[PDB]
Amino acid sequence: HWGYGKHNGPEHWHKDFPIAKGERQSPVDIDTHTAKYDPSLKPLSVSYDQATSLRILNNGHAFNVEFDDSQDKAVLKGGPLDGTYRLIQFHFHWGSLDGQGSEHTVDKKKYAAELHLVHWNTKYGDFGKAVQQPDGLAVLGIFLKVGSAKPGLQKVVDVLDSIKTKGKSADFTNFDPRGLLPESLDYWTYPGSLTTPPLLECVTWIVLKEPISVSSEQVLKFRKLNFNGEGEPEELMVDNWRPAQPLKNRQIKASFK
Ligand SMILES: [Zn+2]
């Protein structure tokens, strides 16, 4: 019964999930001046041409667009990563207002929303095994700002009426996640965690410098989703973000000068 309310929100998670106060929790504030350029970091390789989207699900904390991860169809490699990471799902975090919603911040700036493309290390065979490993996941984080519409997001926006409440799913085939990527793949990277319970410290974070722009109408449709099940009291799914956590003994590295 964790969530994002006053009584069950991020400040309470540590009671069920003591790793919430751990040494490598996410998100964090990215202090751009103190991040270190690392000239040996490789370009990212984002290989999404054979991606197979399957379904979209309202899980009661976000919506997930799920992919076939039973073969190397949509993979992330390079950058800070060793090996091959398969795309399993993406989801967003967003706010009730355009001035908040992101999990990571950049020099304390909050964006309207943040996209997470979640990938697991194929050396561990499945996602459930991967989350138990320090190098199990690679999450590509992309900020959303409100401005012009993002045409590559509209197929997601349009299906949200079909998954309004918790536990609802809908077929969601032939969605191309390349339409959600900014022009530049310049990034910051650091070791961290899942940002939702169980908060496992299994993630190599790769946060893109360049945000994507979405329209007011698009983000408004995110905000009409519900945290609750059908026939339960309506609570709008908004402010489903965890705030920045202490950096502790970590250095954020940049792929760019
Ligand atoms: Zn997330």
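When you line the sequence shown up against the working numbering, it's residues 3 to 259, in that order.
We treat Cβ as the ideally placed atom computed from N, Cα and C, and that holds for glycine.
Inter-residue CB distance, residue i and residue j (contact presumed, cutoff 8 angstroms)
i	j	result
residue 105	residue 243	5 angstroms
residue 132	residue 139	6 angstroms
residue 95	residue 114	About 10 angstroms separates the two Cβ atoms, so there is no contact after all.
residue 155	residue 253	Between residue 253 and residue 155 the Cβ distance is about 33 angstroms, and since that is not below 8 angstroms, they are no contact.
residue 161	residue 174	6 angstroms
residue 46	residue 80	5 angstroms
residue 147	residue 215	5 angstroms
residue 107	residue 246	6 angstroms
Length of the line joining the Cα atoms of residue i and residue j
i	j	result
residue 48	residue 78	5 angstroms
residue 64	residue 35	32 angstroms
residue 72	residue 194	25 angstroms
residue 92	residue 99	22 angstroms
residue 75	residue 89	8 angstroms
residue 172	residue 251	42 angstroms
residue 103	residue 153	21 angstroms
residue 178	residue 137	26 angstroms
residue 83	residue 196	17 angstroms
residue 60	residue 111	28 angstroms
residue 183	residue 97	21 angstroms
residue 190	residue 87	18 angstroms
residue 201	residue 67	20 angstroms
residue 187	residue 85	19 angstroms
residue 38	residue 255	5 angstroms
residue 11	residue 199	11 angstroms
residue 109	residue 121	26 angstroms
residue 124	residue 134	13 angstroms
residue 259	residue 212	14 angstroms
residue 222	residue 101	13 angstroms
residue 129	residue 217	33 angstroms
residue 118	residue 248	20 angstroms
residue 2	residue 43	With the chain running from 3 to 259 in the structure shown, residue 2 is simply not present.
residue 237	residue 51	37 angstroms
residue 185	residue 151	15 angstroms
residue 26	residue 41	24 angstroms
residue 235	residue 3	16 angstroms
residue 224	residue 7	17 angstroms
residue 53	residue 145	22 angstroms
residue 9	residue 240	15 angstroms
residue 17	residue 163	35 angstroms
residue 233	residue 257	48 angstroms
residue 176	residue 149	26 angstroms
residue 1	residue 181	No answer is possible for residue 1: it lies beyond the span of the chain, which begins at 3 and ends at 259.
Ligand 3 heavy atom lying under 7 angstroms from the CB of residue i
i	result
residue 111	Absence of ligand 3 is noted for the structure shown, with ligand 1 being the only ligands found.
Quick one: residues with CB closer than 6 angstroms to any heavy atom of ligand 1, in chain order, please.
93, 95, 118, 197
With three or more C-beta pairs closer than 8 angstroms as the rule, is the stretch 222 to 229 touching the stretch 152 to 169?
yes
Whole beta strand (DSSP E) runs in the stretch 167 to 216 with 3 or more residues, listed along the chain?
171 to 173, 189 to 194, 205 to 210, 214 to 216
Between the stretch 199 to 207 and the stretch 13 to 33, can you find at least three pairs of beta-carbon atoms closer than 8 angstroms?
yes
Quick check on the DSSP output: what are the complete beta strand (DSSP E) runs of length 3 or more inside the stretch 58 to 146, in order along the chain?
65 to 69, 77 to 80, 87 to 96, 115 to 123
Which residue spans inside the stretch 15 to 53 form an unbroken beta strand (DSSP E) run of at least 3?
46 to 49
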